[PDB]
Amino acid sequence: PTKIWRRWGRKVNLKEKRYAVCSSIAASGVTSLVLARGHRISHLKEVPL
Amino acid sequence: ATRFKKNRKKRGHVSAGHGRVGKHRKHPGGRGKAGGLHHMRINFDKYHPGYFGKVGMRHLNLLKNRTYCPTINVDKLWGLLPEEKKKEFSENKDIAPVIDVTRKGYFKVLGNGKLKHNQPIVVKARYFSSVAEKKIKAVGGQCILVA
Amino acid sequence: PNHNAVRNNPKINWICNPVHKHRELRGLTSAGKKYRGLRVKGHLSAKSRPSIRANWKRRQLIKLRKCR
Amino acid sequence: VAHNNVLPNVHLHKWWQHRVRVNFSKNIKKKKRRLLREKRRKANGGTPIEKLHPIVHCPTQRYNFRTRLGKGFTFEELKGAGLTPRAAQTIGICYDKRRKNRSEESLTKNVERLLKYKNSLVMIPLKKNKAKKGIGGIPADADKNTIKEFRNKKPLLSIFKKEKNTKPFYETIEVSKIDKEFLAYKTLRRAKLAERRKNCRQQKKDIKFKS
Amino acid sequence: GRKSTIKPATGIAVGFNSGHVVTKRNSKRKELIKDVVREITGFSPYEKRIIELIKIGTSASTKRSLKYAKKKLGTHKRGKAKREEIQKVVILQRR
RNA sequence: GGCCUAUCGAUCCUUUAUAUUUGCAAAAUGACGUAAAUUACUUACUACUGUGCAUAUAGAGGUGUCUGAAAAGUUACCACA
RNA sequence: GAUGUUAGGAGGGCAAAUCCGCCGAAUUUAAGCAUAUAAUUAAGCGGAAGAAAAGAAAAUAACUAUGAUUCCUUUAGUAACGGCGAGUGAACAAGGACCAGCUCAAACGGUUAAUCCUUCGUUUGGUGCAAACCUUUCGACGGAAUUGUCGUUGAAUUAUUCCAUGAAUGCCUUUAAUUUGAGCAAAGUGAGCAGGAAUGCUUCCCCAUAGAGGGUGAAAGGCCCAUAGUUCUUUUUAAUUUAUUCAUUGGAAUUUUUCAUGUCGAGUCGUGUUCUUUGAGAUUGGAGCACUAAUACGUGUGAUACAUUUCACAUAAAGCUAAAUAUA
């Protein structure tokens with residue numbers, strides 16, 4: 001029988017959280033990655049917009 | 001979790017990694033820690049020796065804060081001081097740094113390590129080791145007993 | 001609790017509230033306070049002070065966070 | 001138990017399954033608490049609902065250095081302030097009746113804190129436009145221009161929070177102003193040893209005094 | 001261990017008078033009732049038995065008296081206190 | 001220790017030995033010892049400080065189903081695995 | 001003490017998730033079993049509420065001390081308890097949520113109980129369509145109670161400073177929040193193709209602060225209800241705005257100076273004993289019984305039985321109290 005005892009959540013650590021945001025922003029920066037992610041980048045006129 | 005489990009490796013396998021001859025049944029020596037000294041004596045002796053018996057007097061309400069002990073070694077005493085400040089003390093022969101170890105959170109100063117030779121320092125603390133005291137005197141520092 | 005003088009009187013008046021139905025059977029009387037140990041305070045009352053039921057339930061209770 | 005495994009210390013032998021609770025209300029409960037206090041403050045005209053504590057010492061050998069918010073100022077500190085108990089209830093200062101005001105240094109610090117609050121405080125007229133000098137060491141009734149001008153501004157509530165202490169404490173001392181004389185380890189052991197001799201002497205002193 | 005009001009503490013923080021630097025700042029109507037109530041109530045039989053032992057006044061009887069009083073009232077202190085009341089009554093009785 | 005190869009027993013407990021080593025939780029029980037002081041809660045300096053209990057270390061008191069349950073019969077009335 | 005179908009009132013019973021009391025097991029664990037374990041759990045009998053109970057020190061500390069309650073984080077799987085085996089197991093401190101105080105009772109007031117209540121009445125307000133509620137002081141006539149209600153919180157006395165007070169005239173302005181029901185609420189039912197019939201496919205248009213959702217003859221922003229957005233009307237509770245004169249009576253707080261230094265809950269505590277219980281250990285809490293106290297310079301505490309003495313802290317044996325917190 002399923003019960004609410006189940007470990008649904010997790011502690012995600014502050015330094016790790018910050019790193020993920022910063023690194024994702026840096027990744028968002030990269031033009032090749034934007035296109036690979038499937039964004040239709042062709043007529044854009046700067047690498048971060 | 002569920003998709004990587006050992007049961008997923010062994011899914012059609014009867015006893016399934018728990019012994020076909022055995023035919024797997026729960027706690028078959030008896031519950032928990034219970035077989036200790038009796039049936040699991042060999043395990044307890046080999047892995048947890050000093051487990052059985054009664055040793056020492058009793059102290060009925062310990063109250064651990066009464067006997068509280070935050071220590072530092074002399075080795076890390078200088079480390080409570082910044083690098084640039086320490087350089088200024090190294091430069092200036094005429095002065096020494098006062099260090100309030102209690103204001104930095106410590107009560108006892110112990111004797112592990114090195115104090116740099118010919119370099120006075122003033123150490124304020126509740127407790128000091130014999131060795132710590134000897135080092136502080138040896139290097140021309142001062143020790144302050146302080147509450 | 002019904003009569004006008006006691007309802008009027010600001011003293012004792014609290015007893016007119018409906019929670020005072022069967023005070024002795026909730027053990028709120030001096031006799032009840034005694035056997036529930038409510039006269040006793042301090043470390044002599046340590047396993048009993050918020051109530052015997054209350055204290056035990058608090059001690060029994062296992063409390064888990066969502067992210068633990 | 002088997003192999004290298006440590007002995008367990010679980011207490012799940014009793015029927016814990018109806019004596020267990022999991023918190024899924026946390027962040028919403030926090031929101032509700034925020035909402036409740038915000039609503040309360042706003043209802044009080046936006047005026048402070050905060051309580052100003054005395055500064056008091058944390059106890060025993062471990063925490064004696066540290067100082068925290070206490071239960072209430074109590075009569076000696078209030079008398080030093082020039083404030084009544086009734087005034088203390090009327091204003092935001094914390095109240096008590098059995099906290100002794102102890103040593104001089106602590107009392108002197110808390111009366112200074114009271115004086116700081118007393119100087120800080122501005123009191124809105126009781127009946128609005130019927131201004132009086134009034135009771136209890138409470139400020140005399142504010143004028144209409146000032147109170148309106150003050151109302152527009154933020155309240156300054158910094159003093160409620162605990163204070164900080166000396167940032168470096170690395171201070172200089174000249175070589176010839178310190179000495180190498182000291183024997184701290186000896187002093188400690190001797191101090192404990194001579195306690196018995198003193199305790200006996202003090203008991204005899206106490207008897208003599210009492211006589 | 002005690003700080004002592006007279007003579008301030010040493011900074012060492014062990015032994016007597018030691019720790020952080022600090023400065024410290026530190027009937028008849030009922031009696032008449034009691035005598036009247038005693039006129040009304042007299043003495044309890046155990047109180048009376050103690051009075052007789054005390055009146056005998058020997059070291060054996062006095063030793064017995066404290067034991068008997070401890071046994072009857074509970075506690076050595078209660079027994080001694082009661083014995084003091086009895087001695088006072090015997091002093092009154094003599095005069 | 002017995003010419004050699006045999007002649008023996010855990011934890012807990014009890015008991016007697018042993019200690020310039022300890023404890024009984026805010027404190028004390030030699031001894032006001034030795035000095036000074038003398039209006040007194042004076043001021044130093046002292047290895048040896050009540051009963052009782054607890055320890056710590058060392059034996060002994062026993063478990064012969066002898067790596068250690070305090071344990072007699074019975075069922076053709078019987079049941080279950 | 002009876003008695004009354006006297007006159008006026010009340011209780012009964014139900015419902016139970018969470019709450020509060022009692023009363024109260026065993027399967028189970030130890031690979032056996034007896035102490036321990038399940039567990040002060042289940043069932044049983046009672047009482048409550050939208051929360052309940054608890055709560056204003058016969059408290060914790062031994063500090064540079066803290067200072068009603070509840071709750072969380074923690075101490076802590078620790079001190080401790082245990083065929084010291086299996087197993088069990090707190091509290092204080094610290095960080096916080098949140099915080100609220102008080103009154104009987106003695107004591108004090110006799111050229112007057114200054115109290116209390118029922119019945120009869122009577123008028124200064126305010127709503128509502130109407131029912132009707134809500135304020136409001138003033139007299140009777142009955143009773144009750146001195147076997148003690150009411151006032152007072154040491155006592156006067158000085159200065160200061162507030163609050164109740166009553167009348168006339170003035171005046172109820174503006175907003176901001178907050179919260180109901182209410183409404184209004186953008187563009188295509190455009191070609192063409194195949195189709196039972198588009199909300200499909202195309203293709204020409206567009207609207208979006210509404211491309212949430214639902215319904216609509218196949219997937220709809222533009223078909224409808226809705227939605228986003230707003231216009232009010234509703235809840236209360238803030239700010240703003242406005243009071244001015246004339247009037248008695250009463251109270252309270254500090255502050256002087258004198259004078260009063262009184263007071264503080266008994267078959268209860270305690271002790272013994274027994275049974276129970278716990279962390280309580282030469283007895284933690286409960287309970288039965290036996291013996292049974294001291295009065296505030298007392299006596300209750302300071303977790304190993306005791307005597308003898310310190311020192312600190314508290315004020316039992318009367319009572320109430322919001323909040324955070326819990327809810328199958």
# chains A, B, ... in the order shown; residues from 1 in each chain; ligands from 1
$ residues_around --residues "stretch 16-28 of chain E" --least-positions-apart "5" --cutoff "9 Å" --atoms "only C-alpha atoms (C1' of nucleotides)" --output "PDB file with N, CA, C and O atoms (P, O5', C5', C4', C3', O3' and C1' of nucleotides), in the first residue's frame"
ATOM      1  N   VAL B 146      41.685  34.583  31.216  1.00  0.00           N
ATOM      2  CA  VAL B 146      40.575  35.512  31.095  1.00  0.00           C
ATOM      3  C   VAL B 146      39.261  34.755  31.192  1.00  0.00           C
ATOM      4  O   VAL B 146      39.151  33.613  30.748  1.00  0.00           O
ATOM      5  N   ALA B 147      38.239  35.366  31.823  1.00  0.00           N
ATOM      6  CA  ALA B 147      36.910  34.812  31.921  1.00  0.00           C
ATOM      7  C   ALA B 147      35.995  35.361  30.784  1.00  0.00           C
ATOM      8  O   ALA B 147      35.542  34.547  29.929  1.00  0.00           O
TER       9      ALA B 147
ATOM     10  N   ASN D  64      28.069  32.167  28.662  1.00  0.00           N
ATOM     11  CA  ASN D  64      28.201  33.384  29.458  1.00  0.00           C
ATOM     12  C   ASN D  64      28.695  34.636  28.728  1.00  0.00           C
ATOM     13  O   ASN D  64      28.343  35.764  29.077  1.00  0.00           O
ATOM     14  N   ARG D 102      19.438  42.350  38.653  1.00  0.00           N
ATOM     15  CA  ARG D 102      20.794  41.869  38.852  1.00  0.00           C
ATOM     16  C   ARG D 102      21.891  42.932  39.029  1.00  0.00           C
ATOM     17  O   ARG D 102      21.690  43.967  39.664  1.00  0.00           O
ATOM     18  N   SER D 103      23.103  42.658  38.528  1.00  0.00           N
ATOM     19  CA  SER D 103      24.270  43.530  38.486  1.00  0.00           C
ATOM     20  C   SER D 103      24.092  44.944  37.946  1.00  0.00           C
ATOM     21  O   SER D 103      23.169  45.273  37.204  1.00  0.00           O
ATOM     22  N   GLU D 104      25.008  45.854  38.320  1.00  0.00           N
ATOM     23  CA  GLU D 104      24.986  47.230  37.870  1.00  0.00           C
ATOM     24  C   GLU D 104      25.149  47.412  36.366  1.00  0.00           C
ATOM     25  O   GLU D 104      24.406  48.150  35.720  1.00  0.00           O
ATOM     26  N   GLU D 105      26.129  46.735  35.751  1.00  0.00           N
ATOM     27  CA  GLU D 105      26.442  46.854  34.349  1.00  0.00           C
ATOM     28  C   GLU D 105      25.292  46.502  33.408  1.00  0.00           C
ATOM     29  O   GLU D 105      24.960  47.230  32.471  1.00  0.00           O
ATOM     30  N   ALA D 191      44.311  27.089  42.014  1.00  0.00           N
ATOM     31  CA  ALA D 191      42.986  27.637  42.231  1.00  0.00           C
ATOM     32  C   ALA D 191      41.924  26.595  42.594  1.00  0.00           C
ATOM     33  O   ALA D 191      41.176  26.756  43.559  1.00  0.00           O
ATOM     34  N   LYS D 192      41.856  25.476  41.851  1.00  0.00           N
ATOM     35  CA  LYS D 192      40.988  24.366  42.179  1.00  0.00           C
ATOM     36  C   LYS D 192      41.353  23.707  43.498  1.00  0.00           C
ATOM     37  O   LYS D 192      40.498  23.442  44.342  1.00  0.00           O
ATOM     38  N   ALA D 194      42.947  25.026  46.161  1.00  0.00           N
ATOM     39  CA  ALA D 194      42.722  25.905  47.288  1.00  0.00           C
ATOM     40  C   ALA D 194      41.256  26.249  47.534  1.00  0.00           C
ATOM     41  O   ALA D 194      40.912  26.925  48.505  1.00  0.00           O
ATOM     42  N   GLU D 195      40.337  25.717  46.708  1.00  0.00           N
ATOM     43  CA  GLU D 195      38.910  25.938  46.820  1.00  0.00           C
ATOM     44  C   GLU D 195      38.365  25.417  48.135  1.00  0.00           C
ATOM     45  O   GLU D 195      37.656  26.112  48.853  1.00  0.00           O
ATOM     46  N   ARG D 196      38.742  24.179  48.515  1.00  0.00           N
ATOM     47  CA  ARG D 196      38.345  23.531  49.754  1.00  0.00           C
ATOM     48  C   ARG D 196      38.683  24.361  50.983  1.00  0.00           C
ATOM     49  O   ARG D 196      37.836  24.588  51.848  1.00  0.00           O
ATOM     50  N   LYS D 198      39.298  27.615  51.231  1.00  0.00           N
ATOM     51  CA  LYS D 198      38.469  28.794  51.160  1.00  0.00           C
ATOM     52  C   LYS D 198      37.013  28.558  51.510  1.00  0.00           C
ATOM     53  O   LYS D 198      36.416  29.338  52.246  1.00  0.00           O
ATOM     54  N   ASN D 199      36.399  27.464  51.025  1.00  0.00           N
ATOM     55  CA  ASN D 199      35.012  27.113  51.297  1.00  0.00           C
ATOM     56  C   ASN D 199      34.729  26.949  52.779  1.00  0.00           C
ATOM     57  O   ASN D 199      33.763  27.479  53.331  1.00  0.00           O
TER      58      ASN D 199
ATOM     59  N   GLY E   1      30.623  26.357  44.789  1.00  0.00           N
ATOM     60  CA  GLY E   1      31.379  27.618  44.441  1.00  0.00           C
ATOM     61  C   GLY E   1      30.531  28.866  44.516  1.00  0.00           C
ATOM     62  O   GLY E   1      29.381  28.874  44.086  1.00  0.00           O
ATOM     63  N   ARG E   2      31.067  29.976  45.059  1.00  0.00           N
ATOM     64  CA  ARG E   2      30.292  31.187  45.240  1.00  0.00           C
ATOM     65  C   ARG E   2      31.171  32.389  44.987  1.00  0.00           C
ATOM     66  O   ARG E   2      32.372  32.406  45.247  1.00  0.00           O
ATOM     67  N   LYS E   3      30.563  33.407  44.356  1.00  0.00           N
ATOM     68  CA  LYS E   3      31.217  34.610  43.891  1.00  0.00           C
ATOM     69  C   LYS E   3      31.684  35.522  45.018  1.00  0.00           C
ATOM     70  O   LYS E   3      32.768  36.098  44.954  1.00  0.00           O
ATOM     71  N   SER E   4      30.845  35.651  46.070  1.00  0.00           N
ATOM     72  CA  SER E   4      31.015  36.538  47.222  1.00  0.00           C
ATOM     73  C   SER E   4      30.646  37.987  46.931  1.00  0.00           C
ATOM     74  O   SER E   4      31.212  38.652  46.061  1.00  0.00           O
ATOM     75  N   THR E   5      29.644  38.527  47.659  1.00  0.00           N
ATOM     76  CA  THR E   5      29.229  39.925  47.551  1.00  0.00           C
ATOM     77  C   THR E   5      30.311  40.882  48.000  1.00  0.00           C
ATOM     78  O   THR E   5      30.613  41.870  47.331  1.00  0.00           O
ATOM     79  N   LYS E   7      34.219  41.596  48.392  1.00  0.00           N
ATOM     80  CA  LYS E   7      35.428  41.260  47.660  1.00  0.00           C
ATOM     81  C   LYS E   7      35.118  40.749  46.247  1.00  0.00           C
ATOM     82  O   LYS E   7      34.597  39.639  46.101  1.00  0.00           O
ATOM     83  N   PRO E   8      35.360  41.502  45.172  1.00  0.00           N
ATOM     84  CA  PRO E   8      34.949  41.117  43.827  1.00  0.00           C
ATOM     85  C   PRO E   8      35.722  39.928  43.279  1.00  0.00           C
ATOM     86  O   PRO E   8      36.815  39.604  43.748  1.00  0.00           O
ATOM     87  N   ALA E   9      35.135  39.244  42.280  1.00  0.00           N
ATOM     88  CA  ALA E   9      35.687  38.057  41.667  1.00  0.00           C
ATOM     89  C   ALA E   9      37.040  38.225  40.980  1.00  0.00           C
ATOM     90  O   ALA E   9      37.354  39.254  40.379  1.00  0.00           O
ATOM     91  N   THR E  10      37.878  37.178  41.040  1.00  0.00           N
ATOM     92  CA  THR E  10      39.099  37.077  40.257  1.00  0.00           C
ATOM     93  C   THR E  10      38.793  36.629  38.841  1.00  0.00           C
ATOM     94  O   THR E  10      37.807  35.948  38.587  1.00  0.00           O
ATOM     95  N   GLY E  11      39.636  36.990  37.856  1.00  0.00           N
ATOM     96  CA  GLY E  11      39.353  36.716  36.445  1.00  0.00           C
ATOM     97  C   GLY E  11      39.631  35.308  35.972  1.00  0.00           C
ATOM     98  O   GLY E  11      39.445  34.998  34.798  1.00  0.00           O
ATOM     99  N   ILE E  33      -3.098  34.937  69.249  1.00  0.00           N
ATOM    100  CA  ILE E  33      -3.949  33.884  68.706  1.00  0.00           C
ATOM    101  C   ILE E  33      -3.476  32.503  69.135  1.00  0.00           C
ATOM    102  O   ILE E  33      -4.242  31.693  69.655  1.00  0.00           O
TER     103      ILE E  33
ATOM    104  P     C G  63      29.449  29.728  38.158  1.00  0.00           P
ATOM    105  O5'   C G  63      28.760  30.526  36.981  1.00  0.00           O
ATOM    106  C5'   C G  63      29.433  30.594  35.695  1.00  0.00           C
ATOM    107  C4'   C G  63      28.683  31.500  34.701  1.00  0.00           C
ATOM    108  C3'   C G  63      28.582  32.990  35.087  1.00  0.00           C
ATOM    109  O3'   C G  63      29.677  33.742  34.515  1.00  0.00           O
ATOM    110  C1'   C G  63      26.403  32.074  34.764  1.00  0.00           C
ATOM    111  P     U G  64      30.754  34.463  35.417  1.00  0.00           P
ATOM    112  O5'   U G  64      30.409  35.965  35.153  1.00  0.00           O
ATOM    113  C5'   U G  64      29.843  36.870  36.114  1.00  0.00           C
ATOM    114  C4'   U G  64      28.923  37.939  35.473  1.00  0.00           C
ATOM    115  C3'   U G  64      27.566  37.339  35.044  1.00  0.00           C
ATOM    116  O3'   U G  64      26.490  38.301  35.136  1.00  0.00           O
ATOM    117  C1'   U G  64      28.664  38.137  33.161  1.00  0.00           C
ATOM    118  P     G G 262       6.271  42.467  61.104  1.00  0.00           P
ATOM    119  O5'   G G 262       4.713  42.677  60.866  1.00  0.00           O
ATOM    120  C5'   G G 262       3.799  42.640  61.988  1.00  0.00           C
ATOM    121  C4'   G G 262       2.317  42.623  61.559  1.00  0.00           C
ATOM    122  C3'   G G 262       1.812  41.425  60.737  1.00  0.00           C
ATOM    123  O3'   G G 262       1.488  40.290  61.582  1.00  0.00           O
ATOM    124  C1'   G G 262       1.100  43.412  59.712  1.00  0.00           C
TER     125        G G 262
END
$ residues_around --residues "stretch 82-97 of chain D" --least-positions-apart "6" --cutoff "12 Å" --atoms "only C-alpha atoms (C1' of nucleotides)" --output "ChimeraX atom specification"
/D:47-55,69-76,110-118,120-124,126,134-139,157,159-160 /G:56-57,67-68,99-102,252-255
$ atom_distance --atom1 "atom CA of residue C:37" --atom2 "atom CA of residue C:56"
14.6 Å
$ closest_residue --among "E:69, E:51, E:14, E:60" --to "residue E:86" --atoms "only C-alpha atoms"
E:51
$ interface_residues --of "chain C" --to "chain A" --cutoff "12 Å" --atoms "only C-alpha atoms" --output "CSV table (one decimal) with N, CA and C atoms, in the first residue's frame"
chain,number,residue,atom,x,y,z
C,62,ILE,N,6.6,11.1,15.3
C,62,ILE,CA,7.7,11.1,14.4
C,62,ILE,C,7.3,12.1,13.3
C,63,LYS,N,8.2,13.2,13.1
C,63,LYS,CA,7.9,14.3,12.3
C,63,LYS,C,8.8,14.4,11.1
C,64,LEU,N,8.3,14.4,9.9
C,64,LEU,CA,9.0,14.3,8.6
C,64,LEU,C,8.8,15.5,7.8
C,65,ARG,N,9.8,16.2,7.2
C,65,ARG,CA,9.6,17.2,6.2
C,65,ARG,C,9.4,16.6,4.8
C,66,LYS,N,8.8,17.4,3.9
C,66,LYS,CA,8.7,17.0,2.5
C,66,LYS,C,10.0,16.7,1.8
C,67,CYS,N,11.0,17.5,2.0
C,67,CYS,CA,12.4,17.2,1.5
C,67,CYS,C,13.3,16.6,2.6
C,68,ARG,N,12.6,16.2,3.7
C,68,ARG,CA,13.2,15.5,4.9
C,68,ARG,C,14.2,16.4,5.7
$ residues_around --residues "residue G:105" --least-positions-apart "2" --cutoff "10 Å" --atoms "only C-alpha atoms (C1' of nucleotides)" --output "list in words"
residues 103, 107, 264, 265, 318 and 319 of chain G
$ write_last_selection --atoms "C-alpha atoms (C1' of nucleotides)" --output "PDB file, in the first residue's frame"
ATOM      1  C1'   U G 103      -8.203  37.680  41.508  1.00  0.00           C
ATOM      2  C1'   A G 107      -5.116  41.587  55.765  1.00  0.00           C
ATOM      3  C1'   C G 264       1.043  34.426  52.772  1.00  0.00           C
ATOM      4  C1'   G G 265      -4.759  28.258  51.846  1.00  0.00           C
ATOM      5  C1'   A G 318      -7.733  28.382  46.387  1.00  0.00           C
ATOM      6  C1'   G G 319      -8.942  30.288  41.040  1.00  0.00           C
TER       7        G G 319
END
$ atom_distance --atom1 "atom CA of residue B:36" --atom2 "atom CA of residue B:57"
24.8 Å
$ closest_atom_pairs --of "chain G" --to "chain D" --cutoff "9 Å" --atoms "only C-alpha atoms (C1' of nucleotides)" --output "Markdown table"
| residue | atom | partner | partner_atom | distance |
| --- | --- | --- | --- | --- |
| G:29 | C1' | D:13 | CA | 8.8 |
| G:38 | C1' | D:14 | CA | 7.0 |
| G:39 | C1' | D:14 | CA | 8.2 |
| G:41 | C1' | D:15 | CA | 7.6 |
| G:61 | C1' | D:60 | CA | 7.6 |
| G:62 | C1' | D:60 | CA | 7.4 |
| G:63 | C1' | D:60 | CA | 4.0 |
| G:64 | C1' | D:64 | CA | 6.0 |
| G:65 | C1' | D:59 | CA | 4.7 |
| G:66 | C1' | D:59 | CA | 6.6 |
| G:67 | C1' | D:99 | CA | 5.2 |
| G:77 | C1' | D:9 | CA | 6.6 |
| G:88 | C1' | D:11 | CA | 9.0 |
| G:93 | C1' | D:59 | CA | 7.4 |
| G:94 | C1' | D:63 | CA | 8.2 |
| G:161 | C1' | D:135 | CA | 6.2 |
| G:162 | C1' | D:134 | CA | 5.5 |
| G:177 | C1' | D:42 | CA | 8.8 |
| G:237 | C1' | D:43 | CA | 6.4 |
| G:238 | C1' | D:45 | CA | 5.5 |
| G:239 | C1' | D:45 | CA | 7.1 |
| G:242 | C1' | D:129 | CA | 8.9 |
| G:243 | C1' | D:129 | CA | 8.8 |
| G:253 | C1' | D:135 | CA | 7.2 |
| G:254 | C1' | D:136 | CA | 7.3 |
| G:309 | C1' | D:203 | CA | 8.0 |
| G:310 | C1' | D:203 | CA | 5.6 |
| G:311 | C1' | D:203 | CA | 8.8 |
$ interface_residues --of "chain B" --to "chain D" --cutoff "9 Å" --atoms "only C-alpha atoms" --output "CSV table (one decimal) with C-alpha atoms, in the first residue's frame"
chain,number,residue,atom,x,y,z
B,31,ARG,CA,15.0,-10.7,15.4
B,32,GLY,CA,17.3,-7.7,15.4
B,33,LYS,CA,20.4,-7.7,17.6
B,34,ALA,CA,19.0,-10.5,19.7
B,35,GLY,CA,21.3,-13.5,18.7
B,36,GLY,CA,24.3,-11.5,20.1
B,40,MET,CA,26.0,-14.2,16.8
B,43,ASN,CA,30.2,-11.7,14.8
B,44,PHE,CA,29.8,-9.4,17.8
B,47,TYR,CA,33.3,-6.7,14.8
B,48,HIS,CA,32.1,-5.0,18.1
B,65,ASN,CA,27.2,22.5,28.8
B,66,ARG,CA,28.7,22.7,32.3
B,67,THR,CA,31.9,20.9,31.1
B,68,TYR,CA,31.9,22.4,27.6
B,69,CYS,CA,35.3,22.4,25.8
B,81,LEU,CA,44.9,36.3,12.3
B,82,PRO,CA,44.7,37.7,8.7
B,85,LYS,CA,48.0,41.9,9.6
B,89,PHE,CA,53.5,42.0,12.9
B,93,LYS,CA,59.7,43.9,15.9
B,94,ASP,CA,58.5,46.4,18.4
B,95,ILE,CA,54.9,45.1,18.7
B,96,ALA,CA,53.0,41.9,19.1
B,97,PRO,CA,49.4,40.8,18.3
B,98,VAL,CA,46.8,40.3,21.0
B,99,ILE,CA,44.5,37.3,20.2
B,100,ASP,CA,41.3,36.9,22.1
B,102,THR,CA,37.3,33.2,23.5
B,103,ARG,CA,36.0,36.2,21.5
B,104,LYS,CA,36.8,34.0,18.5
B,120,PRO,CA,56.0,37.5,20.5
B,121,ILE,CA,52.1,37.1,20.5
B,122,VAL,CA,49.6,37.7,23.4
B,127,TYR,CA,42.5,27.3,29.7
B,128,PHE,CA,46.0,26.5,28.4
B,129,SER,CA,48.0,23.3,28.2
B,130,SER,CA,51.4,23.0,29.9
B,133,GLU,CA,52.2,27.7,28.1
B,136,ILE,CA,54.1,31.0,24.6
B,137,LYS,CA,56.8,31.7,27.2
B,138,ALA,CA,59.6,30.3,24.9
B,140,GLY,CA,58.4,35.6,24.3
B,141,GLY,CA,54.7,35.9,24.0
B,142,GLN,CA,52.3,36.4,27.0
B,143,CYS,CA,49.4,34.2,28.2
B,144,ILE,CA,46.3,35.9,29.6
B,145,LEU,CA,44.0,33.9,31.8
B,147,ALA,CA,36.9,34.8,31.9
$ select_by_dssp --residues "chain A" --states "helix (DSSP H, G or I)" --output "NGL selection string"
:A and (14-29 or 31-36)
$ interface_residues --of "chain F" --to "chain D" --cutoff "8 Å" --atoms "only C-alpha atoms (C1' of nucleotides)" --output "list in words"
residues 27, 28, 32 and 41 of chain F
$ atom_distance --atom1 "atom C1' of residue G:156" --atom2 "atom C1' of residue G:249"
23.7 Å
$ select_by_dssp --residues "chain B" --states "strand (DSSP E or B)" --output "list in words"
residues 71, 72, 73, 95, 96, 97, 98, 99, 100, 108, 109, 110, 122, 123, 124, 125, 127, 128, 142, 143, 144 and 145 of chain B
$ interface_residues --of "chain B" --to "chain F" --cutoff "12 Å" --atoms "only C-alpha atoms (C1' of nucleotides)" --output "PyMOL selection string"
chain B and resi 37-42+45+50-64+66-67
$ residues_around --residues "residue C:54" --least-positions-apart "2" --cutoff "12 Å" --atoms "only C-alpha atoms (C1' of nucleotides)" --output "list in words"
residues 36, 46, 47, 48, 49, 50, 51, 52, 56, 57, 58, 59, 60 and 61 of chain C; 19, 20, 52, 53, 54, 70 and 326 of chain G
$ residues_around --residues "stretch 13-26 of chain C" --least-positions-apart "6" --cutoff "7 Å" --atoms "only C-alpha atoms (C1' of nucleotides)" --output "list in words"
residues 1, 6, 7 and 32 of chain C; 20, 21, 47 and 48 of chain G
$ closest_atom_pairs --of "chain D" --to "chain C" --cutoff "8 Å" --atoms "only C-alpha atoms" --output "Markdown table"
| residue | atom | partner | partner_atom | distance |
| --- | --- | --- | --- | --- |
| D:16 | CA | C:60 | CA | 7.7 |
| D:19 | CA | C:61 | CA | 5.2 |
| D:20 | CA | C:62 | CA | 4.6 |
| D:21 | CA | C:63 | CA | 5.1 |
| D:22 | CA | C:64 | CA | 4.7 |
| D:23 | CA | C:65 | CA | 5.1 |
| D:24 | CA | C:66 | CA | 5.9 |
$ closest_atom_pairs --of "chain G" --to "chain C" --cutoff "10 Å" --atoms "only C-alpha atoms (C1' of nucleotides)" --output "tab-separated table"
residue	atom	partner	partner_atom	distance
G:9	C1'	C:2	CA	8.1
G:10	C1'	C:2	CA	7.2
G:20	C1'	C:26	CA	5.9
G:21	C1'	C:26	CA	4.5
G:22	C1'	C:25	CA	7.8
G:40	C1'	C:52	CA	9.3
G:46	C1'	C:25	CA	7.3
G:47	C1'	C:25	CA	6.0
G:48	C1'	C:19	CA	6.0
G:49	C1'	C:19	CA	7.5
G:52	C1'	C:19	CA	9.3
G:53	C1'	C:51	CA	7.7
G:54	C1'	C:50	CA	5.6
G:55	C1'	C:50	CA	9.6
G:57	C1'	C:41	CA	8.5
G:58	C1'	C:41	CA	9.0
G:59	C1'	C:42	CA	6.0
G:60	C1'	C:42	CA	8.1
G:69	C1'	C:50	CA	9.3
G:70	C1'	C:50	CA	8.6
G:90	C1'	C:47	CA	7.7
G:91	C1'	C:46	CA	6.7
G:92	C1'	C:43	CA	9.1
G:103	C1'	C:11	CA	8.0
G:104	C1'	C:11	CA	8.3
G:116	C1'	C:5	CA	6.8
G:117	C1'	C:5	CA	6.3
G:118	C1'	C:4	CA	9.4
G:278	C1'	C:47	CA	7.9
G:279	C1'	C:47	CA	8.9
G:280	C1'	C:44	CA	9.6
G:284	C1'	C:44	CA	6.4
G:285	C1'	C:37	CA	7.3
G:286	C1'	C:35	CA	6.2
G:287	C1'	C:35	CA	8.5
G:301	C1'	C:42	CA	9.8
G:303	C1'	C:43	CA	8.8
G:316	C1'	C:39	CA	7.6
G:317	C1'	C:39	CA	9.0
G:318	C1'	C:30	CA	8.5
G:319	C1'	C:12	CA	8.5
G:320	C1'	C:14	CA	7.4
G:321	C1'	C:14	CA	9.7
